[PDB]
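Residue numbers (the entry's author numbering), protein chains in the order written: chain LA, 14 to 120; chain LG, 7 to 91; chain LF, 8 to 89; chain LE, 8 to 89; chain Kt, 50 to 147; chain Ku, 1 to 52; chain Kz, 12 to 136; chain LL, 1 to 117.
A virtual CB, placed ideally from N, CA and C, is assigned to each residue, including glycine.
Report on one structure; see the data block that follows.
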Amino acid sequence: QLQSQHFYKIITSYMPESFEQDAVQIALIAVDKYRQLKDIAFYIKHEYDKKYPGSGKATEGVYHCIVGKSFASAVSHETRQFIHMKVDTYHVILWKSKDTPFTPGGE
Amino acid sequence: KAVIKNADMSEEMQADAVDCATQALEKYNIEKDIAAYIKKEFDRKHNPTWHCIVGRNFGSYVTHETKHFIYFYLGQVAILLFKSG
Amino acid sequence: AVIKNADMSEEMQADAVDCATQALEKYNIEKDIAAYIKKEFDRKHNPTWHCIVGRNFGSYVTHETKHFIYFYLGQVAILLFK
Amino acid sequence: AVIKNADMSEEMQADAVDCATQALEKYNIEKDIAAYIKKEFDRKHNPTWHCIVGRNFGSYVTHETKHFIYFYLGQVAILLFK
Amino acid sequence: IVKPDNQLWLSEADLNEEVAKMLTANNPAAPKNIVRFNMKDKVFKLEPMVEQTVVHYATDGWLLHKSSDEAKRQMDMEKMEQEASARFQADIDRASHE
Amino acid sequence: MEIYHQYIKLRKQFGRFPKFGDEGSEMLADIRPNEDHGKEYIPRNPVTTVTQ
Amino acid sequence: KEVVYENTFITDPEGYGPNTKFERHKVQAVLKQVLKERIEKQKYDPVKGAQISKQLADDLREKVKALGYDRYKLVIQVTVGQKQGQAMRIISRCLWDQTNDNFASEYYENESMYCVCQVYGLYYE
Amino acid sequence: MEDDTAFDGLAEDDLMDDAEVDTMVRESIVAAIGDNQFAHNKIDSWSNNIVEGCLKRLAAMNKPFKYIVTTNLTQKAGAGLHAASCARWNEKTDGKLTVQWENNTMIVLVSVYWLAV
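Here it is, written out as structure tokens:
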């Protein structure tokens with residue numbers, strides 16, 4: 014339960030509804046519960062990973078979350094998994110990135 | 007001059023990251039373009055995929071490959087880089 | 008209401024104008040004029056606001072996103088910014 | 008050089024003093040002095056250094072926890088903050 | 050001929066005055082006194098150049114045409130990754146049998 | 001090079017009555033979805049986009 | 012009777028009275044209520060896309076005229092399309108008198124469709 | 001008496017040629033894009049170049065008209081598209097035109113509007 018009303022606005026998304034809405038309440042609970050930007054992202058990443066976990070292999074990636082006020086990021090994702098969205102005044106950006114241990118030229 | 011806060015990486019590419027970030031700062035006045043330059047340069051140099059966040063106000067918690075992480079300050083701008091992908 | 012030079016939206020123009028002018032008569036001391044205007048303009052649009060009131064002053068102001076207000080009325084100068 | 012309220016480091020009140028005291032005496036108009044002060048004082052400490060100079064001033068401002076200065080020099084007080 | 054009630058009363062010289070109007074392709078809604086923090090000089094500096102093209106909608110998408118070299122590189126990369134995974138698993142299986 | 005145009009008008013020429021007409025909406029281009037055209041694309045991986 | 016009006020000898024909408032100037036935030040608000048009353052929760056229909064776009068532009072026309080911009084030439088554009096994974100870019104840059112003219116624009120997005128609304132108000136001399 | 005009421009004081013030559021406008025728009029699109037296929041890095045550049053490519057020609061053609069140029073870029077990934085527009089203007093003096101261009105991977109929709117001054 015949210016202790017106070019929070020307003021959220023979507024900046025950019027490519028993840029389907031049943032997942033992006035879940036991320037929306039994840040961000041709402043994080044901003045309601047926590048204050049530090051680091052621990053807000055820390056809570057969001059764990060909350061999303063718990064409900065949508067991988068197989069633990071390198072072929073299935075890991076999630077990353079950054080919450081802040083003034084920052085820029087240049088990052089890559091598997092298809093259809095960016096969520097950059099503004100909660101009240103804070104921007105949260107979450108994505109899953111897949112490691113490629115068998116890339117050519119890595120040897 | 008770079009001020010290192012948290013880093014899991016050897017100095018040989020720590021200095022490379024510092025130099026590339028300084029080049030990006032001297033090349034672009036836009037936080038949008040600095041991060042893109044850093045990402046493309048390290049994707050070309052040290053294989054995909056690297057992730058960079060450059061700014062002054064942000065709180066992060068990400069999963070990074072061992073010996074593939076750096077978090078430093080150049081002047082007043084914090085730069086975070088980590089290879090995950 | 009005399010506006011010298013600023014960039015903003017006209018709804019915030021009207022809000023600053025009417026709120027300041029209606030605070031002028033309810034208040035009788037210098038500082039609370041700025042205090043009430045700032046605190047009233049806080050909860051409406053954005054939390055970060057800064058207000059100055061008085062005469063015989065002047066200062067270059069670091070720019071704002073779209074939020075800088077300067078007034079001139081009744082031997083009174085009003086300053087707002089983000 | 009008289010100061011009343013401030014929360015700075017002991018080395019950096021003088022930095023504000025030595026930046027502003029001579030800048031006050033060099034120029035005559037009180038518009039470009041704030042343009043002058045904020046340019047280098049940004050380049051020397053950190054970006055956000057909104058400043059207010061003049062006399063007969065009233066304000067209520069958001070200042071960060073360790074950023075505030077209130078000069079009182081030559082009957083023309085100066086106040087600055089992040 | 051009906052004279053509008055709001056028509057101003059001008060002398061003939063004023064009516065014969067040539068008024069030149071100007072058309073320019075800049076956006077009024079774009080801020081003019083923009084300043085960005087030049088970190089190279091560690092100071093806020095005016096941005097006099099503003100792009101006047103109006104942004105309405107754009108999406109980066111998530112698709113690449115098959116004839117594109119980017120898509121060819123992507124499918125090749127996936128092919129080598131799958132082949133390497135299969136080779137690693139086959140090596141594991143052969144090691145287990147031995 | 002700024003895209004500009006200049007012209008000169010007489011002062012008495014200003015103030016012409018607006019003879020504006022209400023014209024209904026016209027269809028510019030009706031491109032229905034084409035699965036044949038859609039089959040020629042593959043999902044990008046990884047998709048690199050930079051945010052501000 | 013071919014009634015002809017003389018020129019009012021006024022160069023700007025301001026001399027005509029208040030609110031005659033095309034105001035971007037008023038038109039933006041009108042557009043935003045149009046979107047939130049007509050477009051939410053709607054799914055893409057390839058058959059009905061043309062009709063929806065036509066009706067949207069037509070309905071926008073009279074209610075934007077309702078603001079009183081009688082001597083402003085209105086241009087209304089509505090585009091509707093389907094989200095599938097394609098990349099798009101909608102931009103515009105136009106040549107006119109900036110002191111008297113303005114514009115407004117907005118968009119709505121979902122998994123099935125996008126609907127972008129455009130309006131340009133150019134004062135008539 | 002000079003029959004100036006036909007076009008509200010505008011000469012017959014001040015009216016534009018629709019075929020000429022279409023030719024200019026197509027030439028601008030070709031110059032901006034060319035035979036290159038779709039590019040996610042060059043989508044913005046091609047849209048921009050189309051915009052002022054049309055706008056500079058319209059401005060240099062030098063007639064008393066305010067011009068509206070709208071450009072719509074689409075990746076030809078099979079997605080549907082429906083565009084419609086209405087406006088209130090002086091029809092006897094103004095008009096509109098739209099150019100649809102495409103290749104194996106590209107969709108360009110350029111709408112040109114002109115309003116008499």
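Residue i in three-state terms, based on DSSP
i	result
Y65(LA)	coil
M19(LG)	helix
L31(LF)	helix
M124(Kz)	strand
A29(Ku)	strand
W56(LF)	coil
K109(LA)	strand
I53(LA)	helix
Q129(Kz)	strand
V88(LA)	strand
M16(LL)	coil
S26(LA)	strand
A83(LL)	strand
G81(LE)	coil
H37(Ku)	helix
Inter-residue Cα distance where the pair is residue i and residue j
i	j	result
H40(LL)	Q56(Kt)	55 Å
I76(LF)	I21(Kz)	31 Å
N49(LL)	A32(LL)	5 Å
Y27(LA)	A83(LL)	24 Å
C78(LA)	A85(LA)	13 Å
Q52(Ku)	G74(LA)	24 Å
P46(Ku)	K109(LA)	10 Å
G92(Kz)	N103(LL)	19 Å
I63(Kz)	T71(LL)	21 Å
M61(LL)	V117(LL)	15 Å
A61(Kz)	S116(Kz)	19 Å
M15(LG)	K73(LG)	4 Å
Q129(Kz)	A120(Kt)	34 Å
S28(LL)	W101(LL)	11 Å
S90(LG)	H37(Ku)	34 Å
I3(Ku)	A74(Kt)	6 Å
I24(LA)	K38(LE)	39 Å
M124(Kz)	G26(Kz)	44 Å
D140(Kt)	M124(Kt)	24 Å
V50(Ku)	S89(LA)	9 Å
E136(Kz)	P24(Kz)	9 Å
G79(Kz)	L86(LG)	53 Å
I50(Kt)	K12(Ku)	15 Å
Proximity of residue i and residue j at Cβ, strictly below 9 Å
i	j	result
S111(LL)	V69(LL)	yes
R104(Kz)	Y106(Kt)	no
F7(LL)	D14(LL)	yes
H57(LE)	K46(LE)	no
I106(LA)	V80(LA)	yes
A84(LE)	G65(LE)	no
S116(Kt)	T5(LL)	no
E32(LG)	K94(Kt)	no
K81(Kt)	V92(Kt)	no
Bounding residues of the alpha helix (DSSP H) (the contiguous stretch that carries residue i)
i	result
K51(LE)	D39 to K51
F32(LA)	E30 to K46
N12(LE)	It is not in any alpha helix (DSSP H) - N12(LE) instead sits in the beta strand (DSSP E) that spans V9 to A13.
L55(LL)	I43 to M61
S64(Kz)	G60 to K76
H36(Kz)	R35 to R49
Extent of the continuous beta strand (DSSP E) run through residue i
i	result
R93(LA)	Counting along the chain, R93(LA) falls outside any beta strand (DSSP E), and DSSP gives it neither H nor E.
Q6(Ku)	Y4 to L10
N103(LL)	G95 to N103
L85(Kz)	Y83 to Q93
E67(Kt)	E67 to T73
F64(LE)	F64 to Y67
The ligand COA heavy atom lying under 8 Å from the CB of residue i
i	result
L15(LA)	Within the structure as shown, the ligand COA is missing, as the structure has no ligands at all.
*asked:* For a minimum of 4 consecutive residues, which ranges assigned as the alpha helix (DSSP H) are wholly contained in the stretch 95-147 of chain Kt?
replied: 118-146
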